[PDB]
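Only one structure is covered here, and it is reproduced in the block below.
Cβ atoms come from the backbone with ideal geometry, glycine included; neighbour counts cover every protein chain shown. Every number here is computed from the coordinates shown, using simple stated rules; none is lab data.
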Ligand code: FES
């Protein structure tokens with residue numbers, strides 16, 4: 001039932017407004033946002049820090065490539081946007097490092 005290629009609608013709730021774009025299912029959220037000209041926080045780009053943190057509001061992600069968040073944090077909706085792939089349409093609140 002699965003497509004050979006897919007993308008998903010990403011809605012980012014950023015400090016300067018909501019923005020939306022299609023993200024390939026094999027491109028990380030951060031990278032796809034940047035390709036669309038959206039400036040999001042980051043540092044390591046390796047899944048091992050707090051800089052790119054966001055909160056997942058709607059939908060589902062694959063965060064196998066992240067390491068810094070613990071299992072409880074993942075269960076509570078934390079996202080490292082540099083290391084997350086969408087597996088559905090998603091809504092993510094960005095710029096959330098301060099809440100960790
Ligand atoms: S920029 Fe460090 S985990 Fe994403």
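In the stretch 62-87, of all residues being more than 13 Å from the ligand (Cβ to nearest atom) and touching a strand residue (DSSP E or B) at 6+ places or on another chain (Cβ under 6 Å), the one that is nearest to residue 21 (Cα to Cα) corresponds to 86.
The number of residues in the stretch 27-42 that are touching a strand residue (DSSP E or B) at 6+ places or on another chain (Cβ under 7 Å) and more than 16 Å from the ligand (Cβ to nearest atom) comes to 1. For the stretch 1-40, a residue qualifies if it is in contact (Cβ under 8 Å) with a residue 12 or more places away in the chain and in a loop (DSSP other than H, G, I, E, B), and the qualifying residues are 5, 6, 15, 25, 26, 27, 28, 36, 38, 40. Return the residue satisfying two criteria in turn: it lies in the stretch 70-87 and is surrounded by fewer than 23 Cβ atoms within 10 Å (Cβ to Cβ) and within 20 Å of residue 14 (Cβ to Cβ), and of such residues it is nearest to the chain's Cα centre (by Cα). Going through the qualifying residues, I end up with 85. Among the residues of the stretch 43-60, those identified as on the phi < 0 side of the Ramachandran plot and either within 13 Å of the ligand (Cβ to nearest atom) or part of a loop (DSSP other than H, G, I, E, B) (or both) are 43, 44, 46, 48, 49, 50, 51, 52, 53, 54, 60.
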